[PDB]
Protein chains: 2
Amino acid sequence: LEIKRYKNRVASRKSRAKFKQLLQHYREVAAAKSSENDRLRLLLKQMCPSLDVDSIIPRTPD
Amino acid sequence: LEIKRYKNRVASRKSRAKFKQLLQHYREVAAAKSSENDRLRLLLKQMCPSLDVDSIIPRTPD
DNA sequence: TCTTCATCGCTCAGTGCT
DNA sequence: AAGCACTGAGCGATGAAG
């Protein structure tokens, strides 16, 4: 019946790792998009300085 | 003692809730910025159709 | 009714901070 | 030094899928 415990242990390890990695994934996505967002906003202001950038599209945290 | 167990049980609950809440937070942030990213990219194409899309800022998936 | 396994709550044994 | 909040992880109970 020790096998039942080892199988049980492995599953737990996988589940916890899956959640931790999912956490990092949304972090990596948010970081990458945030970088673009900053890159895009400036380039938009450069081409069309008269347009209000933060007025039409609010800057979302973080 | 029972006291040691009860405090740690509450702490464990708080800890699991903290991570779950952290995940939702990073999800909500990732979604919002992705939304902003799309909102920005579109407004860019409308104002300057001549500009090359994905060239200056590569469009990451998700 | 009985496996199989993903999730998770309880517990132990630390870890880090002060 | 030593109490405190916090958490990694083994364990067992539960849920969900076959």
Side-chain angles (χ1 to χ4, degrees), chain A residues 1 3 5-6 8-13 15-32 34-38 40-44 47-50 57-58 60-62, chain B residues 1 5-20 22-23 25-35 37-38 40-44 46-50 58 60-62:
Chain A
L1 287 178
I3 172 179
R5 285 189 179 91
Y6 178 74
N8 185 347
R9 204 184 318 177
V10 170
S12 210
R13 287 171 176 171
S15 193
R16 286 183 173 134
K18 173 179 172 183
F19 168 85
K20 293 289 188 185
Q21 291 183 315
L22 189 65
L23 185 68
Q24 293 300 140
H25 177 68
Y26 287 110
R27 280 170 64 172
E28 291 171 358
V29 169
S34 187
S35 176
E36 293 177 350
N37 285 17
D38 298 324
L40 290 170
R41 282 182 180 276
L42 257 71
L43 182 58
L44 179 79
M47 301 301 99
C48 304
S50 297
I57 302 179
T60 62
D62 284 333
Chain B
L1 287 177
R5 287 188 181 92
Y6 177 72
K7 302 292 182 61
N8 185 243
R9 191 183 312 148
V10 176
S12 210
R13 292 169 179 173
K14 180 176 186 191
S15 185
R16 284 185 305 277
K18 173 178 173 182
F19 282 102
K20 293 290 188 185
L22 189 65
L23 182 66
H25 177 67
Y26 287 150
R27 279 172 64 172
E28 290 172 358
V29 171
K33 288 182 177 173
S34 295
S35 176
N37 177 270
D38 299 323
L40 290 169
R41 283 182 181 277
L42 257 72
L43 183 58
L44 179 79
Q46 298 175 356
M47 301 301 99
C48 304
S50 298
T60 59
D62 269 277

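All chains are named by letter (A, B, ...) in the order of the sequence lines, taking the proteins before the strands, and each is independently numbered beginning at 1. Computed over heavy atoms, backbone and side chain alike; hydrogens, waters and symmetry mates excluded.
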Polar side chain donor-acceptor pair, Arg41(B) to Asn37(B), under 3.5 angstrom: yes
N/O (side chain, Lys20(B)) to phosphate O (OP1/OP2, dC8(C)) under 4.0 Å: yes
N or O in side chain of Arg16(A) less than 4.0 angstrom from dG8(D) OP1/OP2: no
Distance test, side-chain N/O of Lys18(A) to OP1/OP2 of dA6(C), below 4.0 Å: no
Spacing of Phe19(A) atom CZ relative to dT7(D) atom P, expressed in whole Å: 11 Å
Presence of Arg9(B) side-chain N/O under 4.0 Å of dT11(C) phosphate oxygens OP1/OP2: yes
For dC8(C), the sugar region implied by its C1'-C2'-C3'-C4' torsion sign: south
Side-chain touch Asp62(A)/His25(B), heavy atoms, less than 4.5 angstrom: yes
Any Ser12(B) side-chain nitrogen or oxygen under 4.0 Å from OP1 or OP2 of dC10(C): no
Intermediate values then yes/no, side-chain contact (heavy atoms from CB on, under 4.5 Å), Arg13(B) and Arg9(B): CA-CA 6 Å; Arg13(B) 292 169 179 173; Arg9(B) 191 183 312 148; 3.6 Å; yes
Residue-phosphate contact under 4.0 Å: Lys14(B) side-chain N/O, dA5(D) OP1/OP2: no
Residue-phosphate contact under 4.0 Å: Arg5(A) side-chain N/O, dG10(D) OP1/OP2: no
Separation of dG8(D) P from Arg13(B) CZ (nearest whole Å): 19 Å
Distance, rounded to the nearest Å, where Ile3(A) contributes CD1 and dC11(D) contributes P: 14 Å
Residues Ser34(A) and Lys33(B): side-chain donor-acceptor under 3.5 angstrom: yes
Any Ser15(A) side-chain N or O less than 4.0 Å from OP1/OP2 of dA6(C): no
Whole-Å distance separating the CG atom of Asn8(A) from the P atom of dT3(C): 16 Å
Euclidean distance, atom CG of residue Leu22(B) to atom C1' of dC6(D) [Å, nearest integer]: 14 Å
For the student: nearest non-hydrogen atoms of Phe19(B) and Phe19(A), plus distance: O-CZ, 3.5 Å
Distance in angstrom units between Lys7(B) NZ and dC4(D) P, rounded: 8 Å
